[PDB]
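In what follows, a single structure is set out as structure tokens and then discussed.
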Amino acid sequence: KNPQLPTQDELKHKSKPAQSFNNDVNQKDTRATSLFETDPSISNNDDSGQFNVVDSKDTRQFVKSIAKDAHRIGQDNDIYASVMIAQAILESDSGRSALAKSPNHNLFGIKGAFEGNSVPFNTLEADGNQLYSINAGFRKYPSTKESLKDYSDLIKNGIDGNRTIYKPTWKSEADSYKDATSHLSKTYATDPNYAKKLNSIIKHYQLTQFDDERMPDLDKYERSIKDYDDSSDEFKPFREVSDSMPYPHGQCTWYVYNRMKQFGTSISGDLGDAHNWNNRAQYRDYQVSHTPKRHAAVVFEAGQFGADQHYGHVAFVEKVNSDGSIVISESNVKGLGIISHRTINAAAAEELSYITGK
Ligand code: NA
Ligand code: NA
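Quick note on numbering: the sequence shown equals residues 262 to 619 in the deposited numbering.
This is how it looks when you write it as structure tokens:
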């Protein structure tokens, strides 16, 4: 009966992830968690692939806001500060989630209540590649001080009927941080890529530098972060541009809105679920046609070519090939919080709708 996972009552009322906000589903009850892209490096084998974090200045500053407290908490309570900081980054989307800022202050996505205080949120889950959402109560803290403390208490004390559920993440039980992240794989979240995501965060943000006895100087922290080789990629790397949130974080709709902004073009926040984008955009004075076009939003009608039967799908056109096929980028089709890409053949591409942003 692990409280961090979906309960029987939560699963009966499960929903498909919302792609748009309305009067019922809003920003105050929708989480934000870190997004990841597939590592462009050719892996040694079919199972050794990694994920790349979406690099960000918010993440760097979020690390500095808690690296000191995570370091001290780590040494005292036998916890990898790196794992703790990575989980904070992942679960709160580098501090940007409504669950992580005032007045909730829950940085680790811990469910339940704290000192009798709680806050309901829609939270994304996965059964392999089958994505769903559940509405659950999350611990509401007076500040981030009690959140960091409560995380350490969870790892050390565990749960009812399994007090040592997180004992294998303890520094004395796990030879390295990778042993610890692999045990969080099925005890903390349903996301089947949880460990690989944490490892990606730890590596890129050099979080092991906070695992040792003496903590380093935070003024030289940004100097240690090494960039990914992005010089031989075909397209501009993804980056979260805006602060505003017109669509639920990470969904296909949100991804296209943000990706379009990187190229200085916008699309409104009132287009609703993906399949309604083409007809609504057309009404709202956007150029919309069946001709494939570079950097346009590409819409799939409900149920079209495997797209979601109710919501359809929306993606961003990275390239229009000379043979008429298109290269698109999108989110949450390959897995939870995963940005992926593919090629749509010419005959299929000519049947989709392309929205030129303003
Ligand atoms: Na439509
Ligand atoms: Na499809």
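All residues carry an ideal CB built from backbone N, CA and C; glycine is no exception.
Which one of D300, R321 and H274 has the shortest CA to CA distance from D480?
Nearest option by C-alpha distance: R321.
Okay, do the segment 429-448 and the segment 582-589 touch, 3+ Cβ pairs below 8 Å being the bar?
At 8 Å Cβ cutoff, the stretches do not touch.
Going by the DSSP bridge assignment, what does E298 pair with across the sheet?
Note: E298 sits in a beta bridge opposite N313 and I600.
Looking at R520 and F577, is the spacing between their C-beta atoms short of 8 Å?
For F577 and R520, yes; Cβs fall inside 8 Å.
Work out the CA separation of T299 and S592 for me, nearest whole Å.
Each residue's Cα considered, the two are about 11 Å apart.
Mind listing, in chain order, the residues whose beta carbon lies closer than 7 Å to a non-hydrogen atom of ligand 4?
The ligand content of the structure shown is limited to ligand 1 and ligand 2, which means ligand 4 is not among them.
In angstroms with no decimal places, state the Cα-to-Cα distance between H602 and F323.
Near 29 Å, if we compare the C-alpha coordinates of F323 and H602.
Helix, strand or coil for residue 244? Go by DSSP, reduced to three states.
As displayed, the chain neither begins before 262 nor continues past 619, which places residue 244 out of reach and without an answer.
Using the three-state DSSP reduction, which class does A293 fall into: helix, strand or coil?
Correct three-state label for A293: coil.
For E591, list the residues DSSP reports as bridge partners.
According to DSSP, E591 bridges with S601.
Could you check what DSSP says for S353 in three-state terms: helix, strand or coil?
In the structure shown, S353 sits in a helix (DSSP, three-state: H, G or I).
Quick one: give me the first and last residue of the alpha helix (DSSP H) that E386 is part of.
Taken as a continuous stretch (DSSP letters only), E386 belongs to no alpha helix (DSSP H), being part of the beta strand (DSSP E) at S379 to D388.
Could you pull the start and end residues of the alpha helix (DSSP H) that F323 belongs to?
Note, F323: alpha helix (DSSP H), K318 to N338.
Roughly how far, in whole angstroms, is the beta-carbon of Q280 from the beta-carbon of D534, given that I think they are within contact range, below 8 Å?
The pair is a contact, with the Cβ atoms about 5 Å apart (cut-off 8 Å).
Please state if the CB of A331 and the CB of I346 are separated by a distance shorter than 8 Å.
Yes; because the gap between Cβ atoms is below 8 Å, this pair is in contact.
Classify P509: buried if its beta carbon has 16 or more other beta carbons within 10 angstroms, exposed otherwise.
That one is buried.
Enumerate in chain order the residues of its own chain whose CB-to-CB distance from residue 238 is below 7 Å, with the five nearest sequence positions on each side excluded.
With the chain represented from 262 up to 619, any question about residue 238 goes unanswered, as that position is not in the structure.
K277 and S394 - do their beta-carbons sit closer together than 8 Å?
Contact flag set, yes.
Distance, Cα to Cα, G310 vs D546?
Rounded to whole angstroms, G310 to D546 spans 43 Å at the Cα level.
Taking only three categories from DSSP, how would you classify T448?
Looking at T448 - three-state DSSP - the assignment turns out to be coil, as it is neither helix nor strand.
Does the beta-carbon distance from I589 to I528 come in below 8 Å?
No.
Contact between the segment 364-376 and the segment 301-320 is defined here as three or more beta-carbon pairs at a separation below 8 Å; is this criterion met?
Segments in contact, no.
Could you compute how far the alpha carbon of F297 sits from the alpha carbon of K275?
If you take the alpha carbons of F297 and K275, they lie about 24 Å apart.
Looking at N582 and ligand 1, is the gap between the Cβ and the nearest heavy atom below 7 Å?
Incorrect: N582 has no Cβ contact closer than 7 Å to ligand 1.
Going along the chain, which residues put their C-beta within less than 5 Å of some heavy atom in ligand 1?
Here the list is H536, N539 and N540.
Please name the residue in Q548, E611, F524 and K522 whose C-alpha comes closest to that of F561.
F561 has its Cα closest to that of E611, out of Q548, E611, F524 and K522.
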